[PDB]
>>> print(open('input35.txt').read())   # compact mmCIF, C-alpha atoms and all ligand atoms
# COMPACT_ATOMS: atom_id res chain seq x y z
CA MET A 1 -41.44 -149.64 -172.67
CA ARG A 2 -39.53 -152.33 -170.86
CA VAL A 3 -35.89 -151.23 -170.67
CA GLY A 4 -32.74 -153.36 -170.45
CA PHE A 5 -29.63 -151.57 -169.25
CA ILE A 6 -26.13 -152.67 -170.27
CA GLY A 7 -23.08 -151.38 -168.41
CA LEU A 8 -23.39 -150.53 -164.76
CA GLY A 9 -20.41 -148.20 -164.34
CA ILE A 10 -19.98 -144.85 -162.68
CA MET A 11 -22.79 -143.38 -164.97
CA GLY A 12 -24.58 -146.51 -165.79
CA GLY A 13 -25.27 -147.60 -162.18
CA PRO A 14 -27.12 -144.52 -161.05
CA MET A 15 -28.76 -144.06 -164.50
CA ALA A 16 -30.25 -147.60 -164.34
CA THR A 17 -31.34 -146.86 -160.75
CA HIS A 18 -33.29 -143.84 -162.02
CA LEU A 19 -35.03 -145.95 -164.60
CA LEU A 20 -35.88 -148.51 -161.91
CA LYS A 21 -37.31 -145.80 -159.71
CA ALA A 22 -39.38 -144.58 -162.71
CA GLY A 23 -40.83 -148.09 -163.42
CA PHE A 24 -39.01 -148.63 -166.74
CA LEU A 25 -36.19 -151.02 -165.75
CA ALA A 26 -36.84 -154.67 -166.46
CA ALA A 27 -33.35 -156.11 -166.87
CA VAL A 28 -29.66 -155.33 -166.53
CA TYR A 29 -26.44 -156.72 -167.97
CA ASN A 30 -22.89 -156.26 -166.75
CA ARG A 31 -19.72 -157.99 -167.81
CA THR A 32 -18.67 -158.03 -164.15
CA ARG A 33 -21.43 -159.84 -162.24
CA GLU A 34 -20.85 -158.13 -158.86
CA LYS A 35 -22.17 -154.74 -159.99
CA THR A 36 -25.55 -156.30 -160.89
CA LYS A 37 -26.05 -157.32 -157.25
CA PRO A 38 -27.95 -154.27 -155.96
CA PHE A 39 -30.28 -154.61 -158.99
CA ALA A 40 -30.89 -158.33 -158.38
CA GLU A 41 -31.64 -157.31 -154.74
CA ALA A 42 -34.33 -155.03 -156.04
CA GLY A 43 -35.85 -157.86 -158.20
CA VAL A 44 -34.31 -156.72 -161.50
CA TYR A 45 -33.66 -159.63 -163.86
CA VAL A 46 -29.91 -160.05 -164.34
CA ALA A 47 -29.23 -161.30 -167.88
CA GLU A 48 -26.68 -163.91 -168.81
CA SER A 49 -25.74 -161.95 -171.93
CA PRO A 50 -26.85 -158.98 -174.01
CA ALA A 51 -28.82 -161.44 -176.21
CA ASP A 52 -30.63 -162.81 -173.12
CA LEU A 53 -31.37 -159.20 -172.10
CA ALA A 54 -32.57 -158.14 -175.57
CA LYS A 55 -35.07 -161.03 -175.76
CA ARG A 56 -36.89 -159.55 -172.78
CA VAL A 57 -37.15 -155.80 -173.40
CA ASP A 58 -38.36 -153.19 -175.93
CA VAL A 59 -35.46 -150.77 -175.42
CA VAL A 60 -31.82 -151.55 -174.83
CA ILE A 61 -29.61 -148.78 -173.38
CA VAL A 62 -25.86 -149.21 -173.70
CA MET A 63 -23.55 -147.27 -171.38
CA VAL A 64 -20.25 -148.88 -171.99
CA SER A 65 -16.64 -147.45 -172.40
CA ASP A 66 -15.72 -147.17 -176.06
CA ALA A 67 -17.02 -148.05 -179.56
CA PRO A 68 -15.42 -151.55 -179.65
CA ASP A 69 -17.26 -152.31 -176.40
CA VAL A 70 -20.55 -151.17 -177.98
CA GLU A 71 -19.73 -153.39 -180.98
CA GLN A 72 -19.19 -156.45 -178.78
CA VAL A 73 -22.35 -155.86 -176.77
CA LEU A 74 -24.45 -155.38 -179.94
CA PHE A 75 -22.87 -157.73 -182.45
CA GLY A 76 -20.82 -160.35 -180.55
CA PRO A 77 -21.81 -164.05 -180.53
CA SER A 78 -24.25 -163.40 -177.65
CA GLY A 79 -24.74 -159.74 -178.55
CA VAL A 80 -28.07 -157.87 -178.61
CA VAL A 81 -28.58 -158.73 -182.25
CA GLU A 82 -28.73 -162.47 -181.37
CA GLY A 83 -31.75 -162.07 -179.05
CA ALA A 84 -33.55 -158.96 -180.34
CA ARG A 85 -36.89 -159.14 -182.13
CA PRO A 86 -37.51 -156.64 -184.99
CA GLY A 87 -38.90 -153.48 -183.46
CA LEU A 88 -36.48 -153.32 -180.53
CA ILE A 89 -34.85 -149.93 -180.02
CA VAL A 90 -31.17 -149.61 -179.13
CA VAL A 91 -30.03 -146.42 -177.41
CA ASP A 92 -26.30 -145.90 -177.20
CA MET A 93 -25.62 -143.44 -174.34
CA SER A 94 -21.87 -143.71 -174.01
CA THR A 95 -19.52 -141.55 -176.10
CA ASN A 96 -17.95 -142.40 -179.45
CA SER A 97 -18.52 -140.49 -182.76
CA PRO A 98 -20.93 -139.64 -185.58
CA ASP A 99 -19.35 -142.27 -187.86
CA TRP A 100 -19.68 -145.00 -185.20
CA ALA A 101 -23.27 -144.07 -184.50
CA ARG A 102 -24.08 -144.30 -188.22
CA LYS A 103 -22.33 -147.74 -188.50
CA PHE A 104 -24.22 -149.01 -185.43
CA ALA A 105 -27.51 -147.79 -186.95
CA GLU A 106 -26.72 -149.35 -190.35
CA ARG A 107 -25.76 -152.74 -188.96
CA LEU A 108 -28.71 -152.78 -186.55
CA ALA A 109 -31.30 -151.92 -189.29
CA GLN A 110 -30.26 -155.20 -191.05
CA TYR A 111 -32.03 -156.86 -188.12
CA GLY A 112 -35.06 -154.54 -188.09
CA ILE A 113 -33.62 -152.83 -184.95
CA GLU A 114 -33.90 -149.04 -184.46
CA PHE A 115 -31.10 -146.89 -183.10
CA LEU A 116 -30.58 -143.58 -181.34
CA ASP A 117 -27.27 -142.11 -180.14
CA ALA A 118 -28.04 -140.30 -176.84
CA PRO A 119 -24.73 -139.48 -175.06
CA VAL A 120 -24.95 -137.35 -171.92
CA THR A 121 -23.26 -134.51 -169.99
CA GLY A 122 -23.28 -133.68 -166.28
CA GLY A 123 -20.84 -136.30 -164.99
CA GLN A 124 -21.31 -138.68 -162.05
CA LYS A 125 -23.09 -135.96 -160.04
CA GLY A 126 -25.69 -135.46 -162.85
CA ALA A 127 -26.31 -139.20 -163.20
CA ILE A 128 -26.80 -139.50 -159.44
CA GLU A 129 -29.14 -136.49 -159.28
CA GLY A 130 -30.99 -137.36 -162.55
CA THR A 131 -30.19 -133.95 -163.95
CA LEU A 132 -28.10 -135.05 -166.96
CA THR A 133 -28.24 -133.12 -170.23
CA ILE A 134 -29.09 -135.55 -173.04
CA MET A 135 -28.27 -134.94 -176.61
CA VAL A 136 -30.05 -137.19 -179.07
CA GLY A 137 -29.42 -138.29 -182.69
CA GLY A 138 -31.85 -140.47 -184.73
CA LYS A 139 -35.45 -140.63 -185.84
CA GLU A 140 -37.34 -137.72 -184.48
CA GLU A 141 -40.41 -139.88 -183.90
CA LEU A 142 -38.32 -142.24 -181.67
CA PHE A 143 -36.95 -139.27 -179.74
CA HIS A 144 -40.54 -138.28 -178.87
CA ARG A 145 -41.52 -141.87 -178.08
CA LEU A 146 -38.53 -142.25 -175.69
CA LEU A 147 -38.89 -138.88 -173.95
CA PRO A 148 -40.34 -140.28 -170.67
CA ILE A 149 -37.40 -142.66 -170.47
CA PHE A 150 -34.89 -139.84 -171.03
CA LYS A 151 -36.74 -137.68 -168.50
CA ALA A 152 -36.17 -140.42 -165.88
CA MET A 153 -32.32 -139.85 -166.13
CA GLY A 154 -31.86 -136.19 -166.96
CA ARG A 155 -33.33 -132.76 -167.17
CA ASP A 156 -32.35 -130.93 -170.39
CA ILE A 157 -33.31 -133.32 -173.20
CA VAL A 158 -32.20 -132.20 -176.63
CA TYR A 159 -32.85 -133.56 -180.07
CA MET A 160 -29.75 -132.87 -182.21
CA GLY A 161 -30.85 -134.43 -185.36
CA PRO A 162 -30.26 -137.47 -187.44
CA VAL A 163 -28.19 -140.36 -186.16
CA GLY A 164 -24.75 -139.30 -185.29
CA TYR A 165 -25.85 -135.84 -184.27
CA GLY A 166 -25.94 -136.74 -180.53
CA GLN A 167 -22.32 -137.97 -180.72
CA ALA A 168 -21.44 -134.85 -182.75
CA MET A 169 -22.78 -132.67 -179.97
CA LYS A 170 -21.03 -134.74 -177.33
CA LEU A 171 -17.65 -134.39 -179.15
CA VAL A 172 -18.19 -130.61 -179.20
CA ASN A 173 -19.03 -130.89 -175.46
CA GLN A 174 -15.89 -132.92 -174.79
CA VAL A 175 -13.63 -130.38 -176.47
CA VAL A 176 -15.03 -127.72 -174.11
CA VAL A 177 -14.78 -130.03 -171.15
CA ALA A 178 -11.20 -131.07 -171.82
CA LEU A 179 -9.92 -127.52 -172.13
CA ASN A 180 -11.95 -126.18 -169.16
CA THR A 181 -10.36 -128.99 -167.17
CA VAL A 182 -6.82 -128.13 -168.43
CA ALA A 183 -7.64 -124.51 -167.71
CA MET A 184 -8.35 -125.43 -164.03
CA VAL A 185 -5.37 -127.67 -163.47
CA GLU A 186 -3.06 -125.04 -164.92
CA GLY A 187 -4.62 -122.28 -162.82
CA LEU A 188 -4.17 -124.37 -159.68
CA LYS A 189 -0.56 -125.32 -160.55
CA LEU A 190 0.26 -121.61 -160.84
CA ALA A 191 -1.66 -120.76 -157.63
CA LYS A 192 0.27 -123.43 -155.75
CA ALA A 193 3.57 -122.16 -157.17
CA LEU A 194 2.63 -118.58 -156.11
CA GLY A 195 1.86 -119.73 -152.53
CA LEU A 196 -1.78 -118.50 -152.69
CA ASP A 197 -4.56 -119.36 -150.20
CA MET A 198 -6.52 -122.18 -151.65
CA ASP A 199 -9.71 -121.20 -149.91
CA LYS A 200 -9.47 -117.80 -151.58
CA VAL A 201 -8.41 -119.25 -154.93
CA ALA A 202 -11.53 -121.45 -154.79
CA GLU A 203 -13.68 -118.42 -153.93
CA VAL A 204 -12.36 -116.26 -156.83
CA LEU A 205 -12.53 -119.04 -159.47
CA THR A 206 -16.02 -120.36 -158.56
CA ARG A 211 -15.91 -120.13 -163.33
CA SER A 212 -16.78 -123.37 -165.14
CA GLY A 213 -18.56 -126.73 -164.94
CA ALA A 214 -15.19 -128.42 -164.37
CA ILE A 215 -14.34 -126.11 -161.48
CA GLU A 216 -17.84 -126.53 -160.02
CA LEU A 217 -17.73 -130.36 -160.30
CA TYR A 218 -14.09 -131.10 -159.58
CA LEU A 219 -12.33 -128.28 -157.71
CA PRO A 220 -13.59 -129.34 -154.24
CA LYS A 221 -12.32 -132.93 -154.88
CA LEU A 222 -9.02 -131.69 -156.29
CA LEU A 223 -8.42 -129.48 -153.25
CA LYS A 224 -8.98 -132.52 -151.01
CA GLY A 225 -6.59 -134.62 -153.11
CA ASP A 226 -9.42 -136.98 -153.98
CA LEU A 227 -8.18 -138.13 -157.42
CA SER A 228 -10.93 -140.75 -158.00
CA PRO A 229 -13.32 -140.65 -160.98
CA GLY A 230 -15.56 -138.82 -161.56
CA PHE A 231 -14.76 -139.10 -165.22
CA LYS A 232 -11.81 -141.39 -166.15
CA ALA A 233 -8.83 -139.93 -167.95
CA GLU A 234 -8.72 -142.96 -170.32
CA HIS A 235 -12.28 -142.06 -171.33
CA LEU A 236 -11.45 -138.41 -172.08
CA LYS A 237 -8.46 -139.68 -174.00
CA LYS A 238 -10.74 -141.81 -176.24
CA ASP A 239 -13.18 -138.90 -176.65
CA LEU A 240 -10.42 -136.55 -177.79
CA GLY A 241 -9.13 -139.10 -180.32
CA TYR A 242 -12.61 -139.13 -181.87
CA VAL A 243 -12.60 -135.35 -181.73
CA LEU A 244 -9.28 -135.13 -183.68
CA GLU A 245 -10.44 -137.80 -186.17
CA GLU A 246 -13.55 -135.73 -186.99
CA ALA A 247 -11.49 -132.48 -187.11
CA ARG A 248 -9.07 -134.09 -189.52
CA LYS A 249 -11.92 -135.43 -191.75
CA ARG A 250 -13.26 -131.86 -192.05
CA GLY A 251 -9.95 -129.96 -192.20
CA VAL A 252 -10.47 -128.01 -188.98
CA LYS A 253 -7.42 -127.29 -186.86
CA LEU A 254 -7.98 -127.57 -183.11
CA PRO A 255 -4.54 -127.13 -181.55
CA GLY A 256 -6.07 -126.88 -178.07
CA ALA A 257 -7.85 -130.22 -178.48
CA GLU A 258 -4.63 -131.69 -179.85
CA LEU A 259 -2.65 -130.59 -176.75
CA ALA A 260 -5.37 -131.85 -174.47
CA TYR A 261 -5.17 -135.23 -176.28
CA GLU A 262 -1.37 -135.45 -175.76
CA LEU A 263 -1.69 -134.54 -172.11
CA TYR A 264 -4.33 -137.17 -171.53
CA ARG A 265 -2.56 -139.74 -173.67
CA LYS A 266 0.44 -139.16 -171.40
CA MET A 267 -1.64 -139.66 -168.22
CA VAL A 268 -2.88 -142.97 -169.62
CA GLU A 269 0.72 -144.01 -170.55
CA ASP A 270 1.89 -143.07 -167.02
CA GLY A 271 -0.64 -145.54 -165.63
CA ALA A 272 -3.22 -143.00 -164.40
CA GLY A 273 -5.93 -143.77 -167.00
CA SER A 274 -8.32 -144.71 -164.17
CA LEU A 275 -8.04 -141.44 -162.26
CA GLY A 276 -10.47 -138.53 -162.71
CA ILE A 277 -9.63 -136.08 -165.50
CA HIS A 278 -9.22 -133.49 -162.69
CA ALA A 279 -6.05 -135.34 -161.55
CA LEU A 280 -4.13 -134.20 -164.64
CA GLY A 281 -0.74 -132.79 -163.47
CA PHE A 282 -1.31 -133.83 -159.86
CA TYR A 283 -1.04 -137.58 -160.26
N1 LIG B 1 -18.22 -140.41 -165.75
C1 LIG B 1 -18.50 -139.37 -166.53
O1 LIG B 1 -18.21 -138.27 -166.09
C2 LIG B 1 -19.16 -139.50 -167.90
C3 LIG B 1 -20.03 -138.49 -168.32
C4 LIG B 1 -20.67 -138.58 -169.55
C5 LIG B 1 -20.37 -139.66 -170.37
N2 LIG B 1 -19.50 -140.61 -169.99
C6 LIG B 1 -19.29 -141.69 -170.96
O2 LIG B 1 -20.14 -142.75 -170.55
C7 LIG B 1 -19.51 -144.05 -170.75
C8 LIG B 1 -19.32 -144.87 -169.47
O3 LIG B 1 -18.72 -144.08 -168.45
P1 LIG B 1 -18.54 -144.59 -166.94
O4 LIG B 1 -17.97 -143.38 -166.28
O5 LIG B 1 -19.83 -145.18 -166.47
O6 LIG B 1 -17.36 -145.65 -167.13
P2 LIG B 1 -16.92 -146.80 -166.12
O7 LIG B 1 -17.32 -146.45 -164.73
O8 LIG B 1 -15.52 -147.15 -166.42
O9 LIG B 1 -17.83 -148.02 -166.59
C9 LIG B 1 -17.58 -148.65 -167.83
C10 LIG B 1 -18.72 -149.65 -168.01
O10 LIG B 1 -18.61 -150.30 -169.26
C11 LIG B 1 -18.60 -151.71 -169.08
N3 LIG B 1 -17.82 -152.29 -170.20
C12 LIG B 1 -16.65 -151.84 -170.69
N4 LIG B 1 -16.24 -152.60 -171.73
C13 LIG B 1 -17.18 -153.55 -171.90
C14 LIG B 1 -17.34 -154.68 -172.81
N5 LIG B 1 -16.39 -154.90 -173.78
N6 LIG B 1 -18.44 -155.44 -172.67
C15 LIG B 1 -19.40 -155.20 -171.73
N7 LIG B 1 -19.29 -154.19 -170.83
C16 LIG B 1 -18.23 -153.35 -170.90
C17 LIG B 1 -17.92 -151.88 -167.75
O11 LIG B 1 -18.21 -153.16 -167.20
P3 LIG B 1 -17.41 -153.67 -165.91
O12 LIG B 1 -18.33 -153.18 -164.83
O13 LIG B 1 -17.39 -155.17 -166.13
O14 LIG B 1 -16.07 -153.02 -165.90
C18 LIG B 1 -18.63 -150.78 -166.99
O15 LIG B 1 -19.98 -151.18 -166.68
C19 LIG B 1 -18.18 -143.75 -171.42
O16 LIG B 1 -18.45 -143.79 -172.82
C20 LIG B 1 -17.89 -142.34 -170.95
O17 LIG B 1 -16.93 -141.72 -171.81
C21 LIG B 1 -18.89 -140.56 -168.79
>>> encode(input="input35.txt", output="C-alpha cells")
Amino acid sequence: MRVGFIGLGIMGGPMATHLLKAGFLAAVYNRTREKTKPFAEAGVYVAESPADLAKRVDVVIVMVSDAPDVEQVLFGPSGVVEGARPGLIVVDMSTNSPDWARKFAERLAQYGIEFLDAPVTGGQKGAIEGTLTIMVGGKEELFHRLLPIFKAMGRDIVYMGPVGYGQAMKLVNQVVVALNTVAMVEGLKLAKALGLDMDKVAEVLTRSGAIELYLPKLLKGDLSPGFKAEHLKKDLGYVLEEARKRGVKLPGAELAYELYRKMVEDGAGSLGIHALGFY
C-alpha cells in the first residue's frame, strides 16, 4: 500500500497531504520542484522522475492537467512504465475521457501494470476537507482493495464500472458543473444590471454546488482558482467528442465550450471558472 503521488496542484497538493496524514504516502513527484517542498519537509521522498517514483511504491496516483500530461508521466522516457514492477497499480484521478482511460489501461497492461480511472468532484474545498466524491472505473476487485486509500481523500466513493466508467461519470458531472456555473454568472450579470442588493441576491439563490462553492468568492471579486477555466475547457471538449461519437446533441454543453474556449483565448485560462463574464 505504499502510494506515490504525481502532480501537486490545487487538488493534488491537499489530496497527497490527506494520504500522508493517513499513513499511505511514500513518495511524490512534481514537474515543478518547489511544490514538493512541504512534502520533503515532512520526510516524503521526492522523486527525480515518475520512473524513480514508480520503483518505490505499489500504487501510483496521477493528478495532472490533461490526457497528454498523463501520457508523458506514464509513458515518457522516464515515465512510470520505465520504473514500475509488474503488479503496480496506476490510478488516474485527473479528468480526461473513457477512450483515454481505456488506452491508458491497454498500454499499461503490456507492462503487467493495473489501472483504475478515479476522477473526483468537490473542487479545491473538497480536496482540502477530504470530502471529495470519487467515481471509479476498472477492476472491481481493485476498487475494493484501494478503498482505504480512496477513503483517505474523499467521502462518497463510487464504483462506476469497467475502465472508462469513472471518466464517463466525470464528463456527465462536468456538463452539469459547466452549465450550473454559466447559470450563476448569467444570473449575477442580470442582477447587477437590475441594480439588485447582492446580499439579498446571495440569500435568495443559496441553489447549486457552483453557487455554494463560488458565489462568495465571486461577490468578493476573488477570481482565483478554484477550478481553472482552461481545465473546464478541456473537459467540455472531451464531453463534445463523446457526444459526437454517440450522436447526442448537447447544445448547452456546446455553448459552454465556446464560452470557455473564448475565456482561454482572451488569456484568462488560469482564472476560476466562476470568473466567466467578469474577467
Ligand atoms: N480544481 C478543481 O476544482 C478540480 C476538481 C476536480 C478535478 N479536477 C481535475 O484534476 C486535475 C488537476 O487539477 P488541479 O486543479 O490540481 O490543476 P492545477 O492546480 O493546474 O495543477 C496541475 C498539476 O499538473 C501538473 N502537470 C501538468 N502537466 C504536467 C506534465 N506534462 N508533467 C507533469 N506534471 C504536469 C502540474 O505541475 P506543475 O506544478 O509543475 O505546474 C500541477 O501539479 C485536472 O485534470 C482537473 O481538470 C480539478
>>> axis_aligned_box(input="input35.txt", around="stretch 32-44 of chain A", padding_each_side="4 Å", output="JSON")
{"center_x": -27.3, "center_y": -157.1, "center_z": -159.4, "size_x": 25.2, "size_y": 13.6, "size_z": 17.4}
>>> residues_near_ligand(input="input35.txt", ligand="ligand LIG 1 (chain B)", cutoff="8 Å", atoms="only C-alpha atoms and all ligand atoms", output="ChimeraX atom specification")
/A:6-13,30-33,35,63-66,68-70,72-73,93-96,119-124,229-232,235-236,238-239,274
>>> closest_residue(input="input35.txt", among="A:177, A:118, A:80, A:128", to="residue A:48", atoms="only C-alpha atoms")
A:80
>>> residues_around(input="input35.txt", residues="residue A:61", least_positions_apart="6", cutoff="9 Å", atoms="all atoms listed in the file", output="ChimeraX atom specification")
/A:3-7,89-93
>>> residues_around(input="input35.txt", residues="residue A:20", least_positions_apart="6", cutoff="10 Å", atoms="only C-alpha atoms", output="number ranges by chain")
A: 3, 14, 26-27, 39, 42, 44, 152
>>> closest_residue(input="input35.txt", among="A:156, A:237, A:243, A:205", to="residue A:173", atoms="only C-alpha atoms")
A:243
>>> atom_distance(input="input35.txt", atom1="atom CA of residue A:158", atom2="atom CA of residue A:117")
11.6 Å
>>> residues_around(input="input35.txt", residues="residue A:163", least_positions_apart="5", cutoff="9 Å", atoms="all atoms listed in the file", output="MDAnalysis selection string")
chainID A and resid 98 101:102 105 115:117 136:139
>>> closest_residue(input="input35.txt", among="A:269, A:58, A:71, A:129", to="residue A:154", atoms="only C-alpha atoms")
A:129
>>> atom_distance(input="input35.txt", atom1="atom CA of residue A:110", atom2="atom CA of residue A:161")
21.5 Å
>>> atom_distance(input="input35.txt", atom1="atom CA of residue A:167", atom2="atom CA of residue A:146")
17.5 Å
>>> residues_around(input="input35.txt", residues="residue A:79", least_positions_apart="4", cutoff="10 Å", atoms="all atoms listed in the file", output="list in words")
residues 49, 50, 51, 52, 53, 54, 70, 71, 72, 73, 74, 75, 83 and 84 of chain A
>>> residues_around(input="input35.txt", residues="residue A:113", least_positions_apart="6", cutoff="7 Å", atoms="only C-alpha atoms", output="PyMOL selection string")
chain A and resi 86-89
>>> closest_residue(input="input35.txt", among="A:100, A:143, A:282, A:45", to="residue A:28", atoms="all atoms listed in the file")
A:45
>>> closest_residue(input="input35.txt", among="A:254, A:183, A:272, A:202", to="residue A:233", atoms="all atoms listed in the file")
A:272
>>> closest_residue(input="input35.txt", among="A:189, A:151, A:278, A:103", to="residue A:218", atoms="all atoms listed in the file")
A:278
>>> decode(input="input35.txt", residues="stretch 183-199 of chain A", atoms="N, CA and C atoms", output="PDB file, in the first residue's frame")
ATOM      1  N   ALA A 183     -25.174  29.323 -15.569  1.00  0.00           N
ATOM      2  CA  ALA A 183     -26.373  29.683 -14.881  1.00  0.00           C
ATOM      3  C   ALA A 183     -26.154  30.719 -13.808  1.00  0.00           C
ATOM      4  N   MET A 184     -25.095  30.633 -13.012  1.00  0.00           N
ATOM      5  CA  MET A 184     -24.809  31.591 -11.917  1.00  0.00           C
ATOM      6  C   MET A 184     -24.319  32.954 -12.433  1.00  0.00           C
ATOM      7  N   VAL A 185     -23.348  32.854 -13.304  1.00  0.00           N
ATOM      8  CA  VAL A 185     -22.728  34.026 -13.909  1.00  0.00           C
ATOM      9  C   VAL A 185     -23.775  34.838 -14.645  1.00  0.00           C
ATOM     10  N   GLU A 186     -24.669  34.162 -15.359  1.00  0.00           N
ATOM     11  CA  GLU A 186     -25.723  34.895 -16.056  1.00  0.00           C
ATOM     12  C   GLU A 186     -26.742  35.551 -15.104  1.00  0.00           C
ATOM     13  N   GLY A 187     -27.182  34.792 -14.105  1.00  0.00           N
ATOM     14  CA  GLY A 187     -27.975  35.334 -13.021  1.00  0.00           C
ATOM     15  C   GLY A 187     -27.373  36.587 -12.413  1.00  0.00           C
ATOM     16  N   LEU A 188     -26.089  36.536 -12.081  1.00  0.00           N
ATOM     17  CA  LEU A 188     -25.435  37.666 -11.427  1.00  0.00           C
ATOM     18  C   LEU A 188     -25.273  38.888 -12.349  1.00  0.00           C
ATOM     19  N   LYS A 189     -24.956  38.634 -13.622  1.00  0.00           N
ATOM     20  CA  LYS A 189     -24.907  39.671 -14.651  1.00  0.00           C
ATOM     21  C   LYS A 189     -26.233  40.424 -14.756  1.00  0.00           C
ATOM     22  N   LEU A 190     -27.332  39.677 -14.736  1.00  0.00           N
ATOM     23  CA  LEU A 190     -28.661  40.298 -14.770  1.00  0.00           C
ATOM     24  C   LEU A 190     -28.984  41.039 -13.458  1.00  0.00           C
ATOM     25  N   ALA A 191     -28.572  40.483 -12.321  1.00  0.00           N
ATOM     26  CA  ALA A 191     -28.820  41.103 -11.021  1.00  0.00           C
ATOM     27  C   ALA A 191     -28.120  42.438 -10.931  1.00  0.00           C
ATOM     28  N   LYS A 192     -26.878  42.464 -11.424  1.00  0.00           N
ATOM     29  CA  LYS A 192     -26.029  43.637 -11.438  1.00  0.00           C
ATOM     30  C   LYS A 192     -26.622  44.703 -12.344  1.00  0.00           C
ATOM     31  N   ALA A 193     -27.051  44.291 -13.533  1.00  0.00           N
ATOM     32  CA  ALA A 193     -27.760  45.175 -14.464  1.00  0.00           C
ATOM     33  C   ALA A 193     -29.091  45.736 -13.891  1.00  0.00           C
ATOM     34  N   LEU A 194     -29.794  44.950 -13.076  1.00  0.00           N
ATOM     35  CA  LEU A 194     -31.033  45.414 -12.452  1.00  0.00           C
ATOM     36  C   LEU A 194     -30.829  46.176 -11.128  1.00  0.00           C
ATOM     37  N   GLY A 195     -29.573  46.457 -10.778  1.00  0.00           N
ATOM     38  CA  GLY A 195     -29.245  47.200  -9.550  1.00  0.00           C
ATOM     39  C   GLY A 195     -29.723  46.542  -8.257  1.00  0.00           C
ATOM     40  N   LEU A 196     -29.717  45.208  -8.193  1.00  0.00           N
ATOM     41  CA  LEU A 196     -30.209  44.492  -7.006  1.00  0.00           C
ATOM     42  C   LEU A 196     -29.170  44.431  -5.907  1.00  0.00           C
ATOM     43  N   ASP A 197     -29.579  44.238  -4.672  1.00  0.00           N
ATOM     44  CA  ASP A 197     -28.744  44.074  -3.488  1.00  0.00           C
ATOM     45  C   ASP A 197     -28.120  42.703  -3.443  1.00  0.00           C
ATOM     46  N   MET A 198     -26.825  42.677  -3.645  1.00  0.00           N
ATOM     47  CA  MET A 198     -26.075  41.488  -3.691  1.00  0.00           C
ATOM     48  C   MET A 198     -26.227  40.646  -2.492  1.00  0.00           C
ATOM     49  N   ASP A 199     -26.316  41.213  -1.331  1.00  0.00           N
ATOM     50  CA  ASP A 199     -26.510  40.379  -0.135  1.00  0.00           C
ATOM     51  C   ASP A 199     -27.840  39.592  -0.199  1.00  0.00           C
TER      52      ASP A 199
END
